[PDB]
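Participant: Protein chains in written order, with the numbering used here: chain A, 7 to 272; chain B, 2 to 105; chain C, -12 to 231; chain D, 3 to 89; chain E, 37 to 269; chain F, 121 to 213; chain G, 25 to 227; chain H, 12 to 102.
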Amino acid sequence: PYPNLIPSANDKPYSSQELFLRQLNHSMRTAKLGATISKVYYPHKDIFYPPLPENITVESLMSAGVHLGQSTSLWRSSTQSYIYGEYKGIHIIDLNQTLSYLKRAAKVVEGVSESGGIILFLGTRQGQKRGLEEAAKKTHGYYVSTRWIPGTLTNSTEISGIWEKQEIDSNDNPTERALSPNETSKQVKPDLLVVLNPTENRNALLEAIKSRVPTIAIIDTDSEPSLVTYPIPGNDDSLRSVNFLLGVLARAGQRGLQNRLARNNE
Amino acid sequence: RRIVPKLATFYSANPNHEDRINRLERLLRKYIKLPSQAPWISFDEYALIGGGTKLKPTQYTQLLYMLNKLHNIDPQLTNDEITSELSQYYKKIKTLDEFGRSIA
Amino acid sequence: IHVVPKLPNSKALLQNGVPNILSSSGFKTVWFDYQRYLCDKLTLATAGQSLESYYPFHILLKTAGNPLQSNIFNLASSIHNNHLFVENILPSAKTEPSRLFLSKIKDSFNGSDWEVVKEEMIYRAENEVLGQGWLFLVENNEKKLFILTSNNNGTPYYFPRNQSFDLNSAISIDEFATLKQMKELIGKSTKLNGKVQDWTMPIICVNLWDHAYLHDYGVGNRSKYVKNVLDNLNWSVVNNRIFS
Amino acid sequence: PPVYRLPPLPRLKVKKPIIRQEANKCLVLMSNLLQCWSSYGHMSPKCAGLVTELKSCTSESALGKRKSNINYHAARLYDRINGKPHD
Amino acid sequence: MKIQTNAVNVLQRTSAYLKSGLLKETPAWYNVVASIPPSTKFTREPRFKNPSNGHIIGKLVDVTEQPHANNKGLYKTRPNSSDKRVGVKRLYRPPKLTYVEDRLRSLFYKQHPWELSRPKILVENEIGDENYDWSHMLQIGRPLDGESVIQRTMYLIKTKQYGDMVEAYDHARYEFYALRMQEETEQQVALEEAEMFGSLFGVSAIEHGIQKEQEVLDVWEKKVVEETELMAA
Amino acid sequence: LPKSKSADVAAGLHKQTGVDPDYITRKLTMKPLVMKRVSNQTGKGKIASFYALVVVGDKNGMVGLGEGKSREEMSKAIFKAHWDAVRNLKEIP
Amino acid sequence: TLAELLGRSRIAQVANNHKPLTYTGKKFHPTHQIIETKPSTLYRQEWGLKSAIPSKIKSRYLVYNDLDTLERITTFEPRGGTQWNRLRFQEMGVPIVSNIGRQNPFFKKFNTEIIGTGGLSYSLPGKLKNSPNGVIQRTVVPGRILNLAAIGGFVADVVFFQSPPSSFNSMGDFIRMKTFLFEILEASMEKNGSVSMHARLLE
Amino acid sequence: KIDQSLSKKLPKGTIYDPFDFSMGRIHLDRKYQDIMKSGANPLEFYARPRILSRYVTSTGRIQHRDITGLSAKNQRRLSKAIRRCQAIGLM
Ligand SMILES: [Mg+2]
Ligand SMILES: [Mg+2]
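1) Using the beta-carbon of each residue, find all residues closer than 7 Å to any heavy atom of ligand 1 and list them in chain order.
2) Residues of chain C with a CB under 8 Å from the CB of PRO63 (chain G): which are they?
3) Less than 8 Å separating the beta-carbons of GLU257 (chain E) and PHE198 (chain G)?
4) Is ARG200 (chain G) near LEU172 (chain G), with beta carbons less than 8 Å apart?
5) For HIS75 (chain D), would you say it is in contact with chain A, using Cβ-to-Cβ distances shorter than 8 Å as the test?
6) What residues from chain H crowd round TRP256 (chain E), counting only those whose CB sits closer than 7 Å?
7) Taking 8 Å as the threshold (C-beta atoms), are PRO204 (chain A) and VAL114 (chain A) in contact?
8) What residues in its chain sit with their C-beta under 8 Å from that of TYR47 (chain B), if we drop five residues either side in the sequence?
9) Per DSSP, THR205 (chain A) is paired with what?
10) Taking Cβ-Cβ distances shorter than 7 Å, what residues in chain A pair up with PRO(-8) (chain C)?
11) Along the region 18 to 31 of chain D, what residues have a CB closer than 7 Å to any CB found in chain E?
12) Give me the DSSP bridge partner(s) of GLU211 (chain F).
13) Using a beta-carbon distance below 8 Å, is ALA34 (chain C) in contact with chain E?
14) So within the region 161 to 220 of chain C, which uninterrupted beta strand (DSSP E) runs reach at least 3 residues, ignoring any that extend past its ends?
15) Within this structure, are the beta carbons of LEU263 (chain A) and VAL200 (chain A) separated by less than 8 Å?
16) Less than 6 Å between C-beta atoms, sequence neighbours within five positions excluded: which residues of the same chain meet that for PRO(-5) (chain C)?
17) For the region 13 to 77 of chain C, list the alpha helix (DSSP H) runs that are entirely contained and at least 4 residues long, ordered along the chain.
18) Note the first and the last residue of the continuous beta strand (DSSP E) segment covering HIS134 (chain F).
19) With 9 Å as the limit, tell me which residues of the region 49 to 66 of chain A have their beta carbon closer than that to any beta carbon of chain E; keep them in chain order.
20) By alpha-carbon positions, which one of C:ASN215, C:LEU217, C:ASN53 and C:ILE191 ends up nearest to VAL183 (chain C)?
21) Quick test of your reading: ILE21 (chain D) and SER70 (chain D), contact by CB under 8 Å. State the CB separation rounded to the nearest angstrom.
22) Under a three-way DSSP split, which group does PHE113 (chain G) fall into?
23) Residues of chain B with CB closer than 9 Å to the CB of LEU11 (chain A), please, in chain order.
24) Shorter than 8 Å from the beta carbon of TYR88 (chain A) to some beta carbon of chain G?
25) Taking the beta carbon of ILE191 (chain C) as the centre, do at least 16 other beta carbons fall within 10 Å, making it buried, or is it exposed?
26) Excluding the 5 residues flanking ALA70 (chain E) on each side, which residues of the same chain have their C-beta closer than 7 Å to its C-beta?
27) Report buried or exposed for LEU87 (chain B), applying the criterion of at least 16 other Cβ atoms within 10 angstroms of its Cβ.
28) For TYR135 (chain E), count the other beta carbons within 10 Å of its own beta carbon; 16 or more makes it buried, fewer makes it exposed. Which is it?
29) When DSSP builds the beta bridges, which residues end up paired with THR203 (chain G)?
30) Does the CB of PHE237 (chain E) have a neighbour CB from chain A at under 8 Å?
31) Quick one: what's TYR171 (chain F) bridged to in DSSP?
32) Does any CB atom of chain E fall closer than 8 Å to the CB of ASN139 (chain C)?
33) Please report the straight-line C-alpha distance between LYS144 (chain A) and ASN249 (chain A), rounded to a whole angstrom.
34) May I have a chain-ordered list of the alpha helix (DSSP H) segments no shorter than 4 residues that lie completely inside the region 204 to 259 of chain A?
35) Got a sec: is the Cβ-Cβ distance from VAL219 (chain G) to anything in chain H below 8 Å?
36) DSSP on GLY91 (chain A), reduced to helix/strand/coil?
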C-alpha cells in the first residue's frame, strides 16, 4: 500500500503525504473513540443496509417520510382509497396499506430475480441515480437515470440495436462465446420495470403495458395507480423515502438471487 | 443458458458512456479522501470507444472532469488501479552559413 | 444518542478495577459512571442539532473555534480524553514500550532516558495544573514529542483550545508573549470560521481530574497516582498511536 | 386580494425580454458637456477636462463598450407552475 | 384518467399468447405473477371514523335523540334542511386530521417568538426506537423545545394532576423556563472558563456578523456611487 | 444471398417482439378489409398514399386488426398492415 | 395508531403559519421556525419535508410556509438569520429586564401576548463576568452608525458626550462603512416584542 | 452626501440582517408596498364629501375596485353614495 510514498528524512519533519497518512491512521484507530452513537439516521445506510420486507414497520415508513402525499389541490381522486387523511394542506398516505403493497411488490421482485429475470430500475429524478445503480448492482439487474428514450421496448431494434449482449450460466458467469448476428439482434425485454417517478415517465409505463411487462411504481397522491401492475402508495418526491422503498426492493431481489444461486449450486 | 445485456446501463440513452463514467465514479468514491496536489483523448477518439454518434458534448465534459480530478490525486498517494483506469484515456533548426549570414 | 463504548473484559474490570492504579470503585467513578454522565450531558446539549450524528472528537474539532457552545466542546473533549486515558490504562484487549518510540523520545528530550522523561512529566503535572485537568505526551508535525498539560477540558489536538495555562492566576512575560504569538497566528488564518491548521496527536493522555484518583489516593497524592499510571499502562496501544 | 388564474395556454413566454443594461459612459459625458455649454457661453474652460474625457472615450469608436434567459425558464417551468388539473 | 385494464391483466394476455403459440417460451415473471395476483379493484372506499379525533363520520343525530330544548329554547320536532340532504361525499372525501396539540404549539410560538429562531431538524431518526416518559421534560434523544412542553402538558392532562388543560400548559412552560435558564448559564460560564484558561477564539459571532455586513456595504457603496453618477448625468 | 412475404414479416416480428415465427407463418391467416388510395395536398402537389386495413387471425379465437400505409405501391402498405395486425393479436371470448 | 404518530412527528411539531416570507415592514422578532439540515442530508437534498429541495440551495438552514403548493413547489426561503441575531445578543451579554416595576414572568383563558422576552434571552440580570484582565464593567461591542446604530443584529438608540465632527462630517451618509465601538447600557423590551437597546459611542 | 432612495433607514426597535444593508433589499422594499374597509356601509357618508373624496381621482372620477381595493358590494355602495353626493350640492 502507497508504493510511491517518498518518506521524509528522520531529522526533517513529516512531509504532506506522510502527515495525511498519519491522520488517516489516527482516524481508523482512535478518532471514533469517546462514544458510540446509537439511534441516528445516516442517509447512506439506507442504500447499503436496507431492511428486509418483513422487518419494515409503519413507524420506519413514517420516519422515511413515505406518508407525505402530494397536495390537497393536486389530487387525483383515483388514488382516494390509499389516502389516510389530510393535514398541513397535504394528503397523507395510509401507511399500513403502503406496507402491504410494498410487501407484495417486494415478493414479486424476489420471484423474478429467483427465476433469473431482467429487473430494470427507472428513476429520472435528480438525486436518485446512485441508489438506483446500487440496487441494480445488488440483484444482477439494470437501471436508467438519464432519460428513457421513448420506444426502448416498443422500438427496441432501432434504439437498443448496437449494444453488446452476453451469455450467462445458471450462475452469473459470462461464458464468453461469440453471439451470432441473428442471435444478437433480438430484443431483450425486461421481466420487471420498477419506476421511482411514474408521473414523470408515463411513456415508459405505456410501453411496458404494450410490451406486456409487469411493472412496479411509487404511486403518490397525484399519480394514476391503474397504470401499473403493483403500485406502492408513497412519497415519490422526497429522495430518502424513495431510496428506502427502492433499497427494500433491491434487498428482496438480492435474497431471491442468492436463493437461485444456492439452488444452482445444489 | 440465457442471452442478456452486458452493461447494467444497457437501457439508458448512451449505455457505454454511462458504464465508463460509473467506473471512474467508483474510483473517486474509493479514493475520495486522498489529497489533490492533461493529455486526454479527444471527443472523436472517445466516441469510437464510448457512445459513438450518441456521445454528447456535456457527457464528454463530465468524463474529462472525472478523469482530471482522479489524475490530480497527489502522485505519491495514487494507486495502481486508478492509473490503469486512466491509462485508456491518454494520448529543423536554422543556422548561419559558411560566411556568417542568414538567408531568408 | 451518544452512549459509552463496551470495554474489553468489562465484567473483570467491574469486579477488580485495574490491578495497580485504580480500584473497582475508583474505576467505576472515573468510567462506568462519570463517562456515562458526560455522554448523557453531550446528548442533552446536542440532541436536535446537526452535531448529534458526529463522533466526540469530530464534534470537538467542529466546535473548537466557536466561543459560544463551549459547553459542547468541553463535554466532547472530556469524553474523548477520558476514553484515551482508559485505553492507555487497560491491561489487555506483558507489553513493553516500542524501540521506535524510545528513539523518538531520545531525539526529543536531548538524549534523555524514558524514566527521566516520566519524572519531567510528573513534575509538570504537579506544577502546571491546579484543580482539574489533563496530562498529555503529544507528537506534532515536527516528529519530536513534547509534554502538554491542559487545565480542565483542554484538547491536545487544537492549540487554541490547549487550555494550557491559567490566566485566573498571575502569568509570566514569556507566557504572555507566547499567547500573543498564538493570537496573531489565529488572526493570520483568514477563514470565515477562523480556524488554524494543527497536527498534534496525543501519545499518552493521563486524567488529572479528581474522578480518577480522589477515591483511591485521597485529595493529595495526585502526583503518586500519575506516577502509578505511567508505570502501568497499555504500551501496545501507545505504540499503535505513534507511527505515521 | 384578487388572484387572476389564466386558462391553459400553448406557451408561456414574454414577447420581448428587456435586459435593462446601464447607459453608455461616452453618451453621458457628451450630455454633461452639452449641459455645461448651455451655461457659461459657448466654450469656456470650466468644461476643459470634460471635453478631454469625452475625446478619450470616443477615440477608437463613437461608443465605448459594445441577453436575459427569461423565456427558457418560463418555458421550462410552465407545466409545473400551472394549476392545470390532472390527466 | 380512465381505469387502465392493460397494466394489471398482463398474465392473462400472455397466457392467451402461450395458448396460441405466439409465445414459444414462458417469461420469467409469469409464474411469479400467477402466484401473487394484482389488486384490479380500483374502488372509492368509504371511511366512517376520523382517525385523529375519533369522531364518527356516518351517523346522523335524530329528532328523538335530541329531546331537550335547543339554544333559544325551541324543541326540535322536525328534520332540518341539512338532515334531509344525502351526505355521501363526507363518507368518501378524506378526513381533515385535527389535534389538540396543534393549538398549543401555535399558542407557544405566539408567546415565545424567539423560540422559532432555535433551528429544528425535521429529518426523523427511528420513530419506533424512542420511549419518552413525560413525567419530566428532559428526554435524551429529544432536545428541549416547545414540543417537549406540549408533550408534558398532554401527559399532565392524561394523568389528571392538573384536570384543566391551561394549568397543565402553564406548569409545563414553567418547567421549561428553569431548564432554559440553566442552559443559558451553562454556556456563559463555559465561555468564562475558556477565557480564564487561555483559550483563543479567532472569530466571535458578533465579529463574524460585522464582517458579513462589511462585504455587503462595500458592494452597495460602489453601486451607489455609479447610481449617483447616472443620476447626475 | 437471396408466403415469402409472410415469412419475412414473421421473422421481423420475432426480432422486434420475441413472437414465434412458425406460428405466424402457419396458423395465422390474413384478410384485407379495406384497400384505399389516399392523398395529401402538399406544396409539391397532391401526394397519394396506399392505405390498407388487414385482419389477421388464428381460427381459434385469436384475432387482430392492423392498418398500414405506403407512398410506394400497395403491397408495402398491406405488409405493414399485416405486421400491425400480428403486433395487435387479441384473444376474443 | 398512525394518526397519533403523525401528531407526534416532526412536521406536526412545526406550528403552521401563512405569514409572508418576504415582509418588508418592521421586523421585531422571528416570523418563521428556522429549519436546519445536517450536511449529509443536504448532500442528498433531504430536509425532512414532503419533497426534495433544489440542489441550488447550499445553505443548511431555511424557512417555509407550505409543504407543497398548487404551483408544485414548496414555499420556502433559504435563510436562518434570526438564530444569529439571538446568538449575537447572547454574546453581548446585556440581560433584558423590564424597565417597568414588574416580576420576572418566568418565575411565579390563554394570553397570546409575548411572555416577558420571546426567548431570545433566559439570562438573569445579577451576574458579573470575570476575565484575565478583570471583571468587565462596561460591555464593549462594535457597531455601525446609520445617520440610531446597528449593533450585532439589533438597531439601538445612541448617546454621547460630544458629537464627533471628524468622523461624521467627513463621510456624512457613508457612516455605515466605518465600524465604531459601543458601550451598551441596558436592554428594555416593549409590548410589541421589540428589543429597545441603548448604546454609547466610544472614541 | 447622498439621496434618500439609495439607503434603507433601519427603524429603532427593529432587527436587521447583513442583506438588509444592500441595494437588493431596497429594491425589494420598493417592489413590495380605512373606514370603508372597516365594515360600515358607505351610504352613511353621502353628507360627508371629505371622506368620499378620498375614493375619487383629482379630477372627480370614482376609483376602480382594483385601485380602491374594496369588497364588491361595499365598492358599489361607495359609488352610489358618491353619485348621491354629486346629485346634491355638497360634492
Ligand atoms: Mg409526485
Ligand atoms: Mg389506430
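In this text, a Cβ means the ideal position worked out from N, Cα and C, and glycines have one as well.
Facilitator: Checking against the coordinates, here is how it stands:
1) In chain order, the hits are A:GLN76, A:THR205, A:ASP226, A:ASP228, A:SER229, A:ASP242 and A:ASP243.
2) Within 8 Å Cβ-Cβ: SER37.
3) In this structure, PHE198 (chain G) lies closer than 8 Å to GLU257 (chain E) by Cβ.
4) No, they are not a contact pair.
5) Not one chain A Cβ lies under 8 Å of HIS75 (chain D).
6) Correct list: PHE32, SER33 and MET34.
7) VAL114 (chain A) is not a Cβ neighbour of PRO204 (chain A), given a cutoff of 8 Å.
8) By the criterion of a C-beta distance shorter than 8 Å, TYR47 (chain B) is surrounded in its chain by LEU56, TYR61, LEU64 and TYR90, once the five residues flanking it on both sides are discounted.
9) Answer is none; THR205 (chain A) lacks a bridge partner.
10) The contacting residues are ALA41 and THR42.
11) Per Cβ criterion, the list reads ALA25 and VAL30.
12) Paired residue(s): F:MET182.
13) Yes, contact with chain E.
14) As summarised for the region 161 to 220 of chain C, the continuous beta strand (DSSP E) elements at least 3 residues long and confined to that stretch are 188 to 194, given in chain order.
15) Cβ distance not < 8 Å, so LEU263 (chain A) and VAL200 (chain A) don't count as in contact.
16) Take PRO(-5) (chain C), set aside five residues on each side of it, and the residues of its chain with a beta-carbon closer than 6 Å to its own are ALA80, in chain order.
17) Here the runs fully enclosed are 21 to 32, 43 to 50 and 57 to 76.
18) Per DSSP, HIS134 (chain F) lies in no beta strand (DSSP E) segment; the continuous alpha helix (DSSP H) that holds it begins and ends at 124 to 137.
19) Look at the region 49 to 66 of chain A: the residues with a C-beta under 9 Å from a C-beta of chain E are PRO49, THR63, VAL64, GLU65 and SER66.
20) The residue among C:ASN215, C:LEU217, C:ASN53 and C:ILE191 with its C-alpha nearest the C-alpha of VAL183 (chain C) is C:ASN53.
21) About 5 Å separates the Cβ atoms of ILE21 (chain D) and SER70 (chain D), confirming a contact at the 8 Å cut-off.
22) Of the three classes helix, strand and coil, the one that applies to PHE113 (chain G) here is helix, per DSSP.
23) Going along chain B in sequence order, the residues near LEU11 (chain A) (Cβ under 9 Å) are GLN77 and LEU78.
24) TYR88 (chain A) does not count as touching chain G.
25) Buried is the call here.
26) Taken in chain order, the residues that qualify are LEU47.
27) By the 10 Å Cβ count, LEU87 (chain B) comes out buried.
28) Burial state of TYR135 (chain E) is buried, judged by a 10 Å Cβ sphere holding 16 or more other Cβ atoms.
29) Per DSSP, G:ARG168.
30) Not one chain A Cβ lies under 8 Å of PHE237 (chain E).
31) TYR171 (chain F) is bridged to F:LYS156 and F:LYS189.
32) By the rule that beta-carbons nearer than 8 Å mark a contact, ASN139 (chain C) touches chain E.
33) Rounded to the nearest angstrom, the gap between the Cα atoms of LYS144 (chain A) and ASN249 (chain A) is 14 Å.
34) Within the region 204 to 259 of chain A, the complete alpha helix (DSSP H) runs of at least 4 residues are 208 to 217.
35) At least one chain H Cβ lies under 8 Å of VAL219 (chain G).
36) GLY91 (chain A): strand per DSSP, three-state reduction.
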